[PDB]
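Peer 1: this one's sequence-less:
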């Protein structure tokens, strides 16, 4: 004798911001599910992000190119924010080649099939010289959580090329999560609740898939709970 | 002395537990723990501190 929640309308206010509703929630489970999902989403949502970059004329993060105004280090800091969606492969190599005066945005990346650049207006660099040209090859991986360079250094795995520029990996698409449990007047019932999850992401994971995967992870851990050895 | 060779190392030091942080008003402290985003308090809107 229970009720159970069914995923209902998923409002999209912006490309990044989304509201997801769950209508038939039993009394008391509003907050339980809200918080469990909030935790899972903020912690464990898999995403793809840039791990390392190779630019031609630059030995290390601290040098500088002719005809650009950002330092190379600031270029990496801008790349960390690059929101990208990878579909099939786990590690993709994007290529950015731009010349002439203008802001090098993410749109200028060489368009590959499997990779989606979510925010093409996202700036990367600014050239300032007619003959100034920037080329770089950005390696993008899939992962969960947050992995810094210094930890992966244990697993260097032939980092020998001095042209390599390691970037801190924020393998996480979800930026913000809030939930409200509010009275869900069901036509034949007195006291039922609806959970409304408002989530702000970098626009790679879709809301439906995020919620489904989070529920999946929580359910798997619950599976771990169902059996108890006691042996 | 015939000759000298100087080498500059640059190191990016990230904040970690034990570093000292302060305000402008005389408040001090040692960074005691790095919490995951989910554990941190959050307002109704969902923004964590």
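Peer 2: Right, received. Where do you want to start? Numbers count the residues shown, from 1 in each chain, chains lettered A, B, ... in the order given.

Peer 1: CA atoms for contacts and neighbours, from now on please.
Peer 2: OK.

Peer 1: what about the nearest residue to residue A:125 once chain neighbours are set aside, helix or strand, and which?
Peer 2: Nearest non-adjacent residue to residue A:125, counting by Cα to Cα, 6 or more residues apart in numbering or on different chains: residue A:104, 5.0 Å away. Residue A:104 belongs to strand A:102-105 when assigned by DSSP states H and E.

Peer 1: elements contacting that strand?
Peer 2: Counting by 3 or more Cα pairs under 8 Å, 6 or more residues apart in numbering or on different chains; DSSP states H and E, the packing neighbours recorded for strand A:102-105 are strand A:123-127.

Peer 1: all strands for chain A, in order.
Peer 2: A:7-12, A:17-25, A:46-55, A:84-86, A:91-99, A:102-105, A:115-117, A:123-127, A:133-147, A:164-166, A:169-171, A:174-183, A:193-201 (DSSP state E).

Peer 1: can you put those in JSON lines and add distance to residue B:24?
Peer 2: Output for these, formatted as JSON lines (distance: least, Cα to Cα, whole Å):
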{"stretch": "strand A:7-12", "distance to residue B:24": "42"}
{"stretch": "strand A:17-25", "distance to residue B:24": "36"}
{"stretch": "strand A:46-55", "distance to residue B:24": "36"}
{"stretch": "strand A:84-86", "distance to residue B:24": "39"}
{"stretch": "strand A:91-99", "distance to residue B:24": "43"}
{"stretch": "strand A:102-105", "distance to residue B:24": "37"}
{"stretch": "strand A:115-117", "distance to residue B:24": "42"}
{"stretch": "strand A:123-127", "distance to residue B:24": "34"}
{"stretch": "strand A:133-147", "distance to residue B:24": "31"}
{"stretch": "strand A:164-166", "distance to residue B:24": "34"}
{"stretch": "strand A:169-171", "distance to residue B:24": "31"}
{"stretch": "strand A:174-183", "distance to residue B:24": "30"}
{"stretch": "strand A:193-201", "distance to residue B:24": "33"}
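
Peer 1: what about the residue nearest to residue A:107 when sequence neighbours are not counted, distance to chain B?
Peer 2: Setting aside the residues directly before and after it, residue A:107 is nearest to residue A:120 in space (Cα to Cα, 6+ apart), at 4.2 Å. Taking Cα to the nearest Cα, to the nearest Å as the measure, residue A:120 falls 26 Å from chain B.

Peer 1: Residue A:110 is in contact with residue A:120, correct?
Peer 2: No: in this structure, residue A:120 is not within contact of residue A:110 by Cα atoms under 8 Å, at 11.7 Å.

Peer 1: sorry, back to before: buried ones in the strand holding residue A:104, by neighbour count?
Peer 2: A:103-105 (16 or more other Cα atoms under 10 Å in any protein chain shown).

Peer 1: Adding distance to residue A:91, write the residues you listed out as JSON lines.
Peer 2: Listed next are the buried residues of strand A:102-105 as JSON lines, based on distance: Cα to Cα, whole Å:
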{"residue": "A:103", "distance to residue A:91": "27"}
{"residue": "A:104", "distance to residue A:91": "23"}
{"residue": "A:105", "distance to residue A:91": "22"}
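
Peer 1: which residues touch residue A:169?
Peer 2: A:49-51, A:80, A:146-149 (Cα atoms under 8 Å, 6 or more residues apart in numbering or on different chains).

Peer 1: what do you get for residue A:29?
Peer 2: By Cα under 8 Å, 6+ apart, residue A:29 has no neighbours at all.

Peer 1: Could you check how far it is from chain B?
Peer 2: Separation of residue A:29 from chain B (Cα to the nearest Cα) stands at 18 Å.
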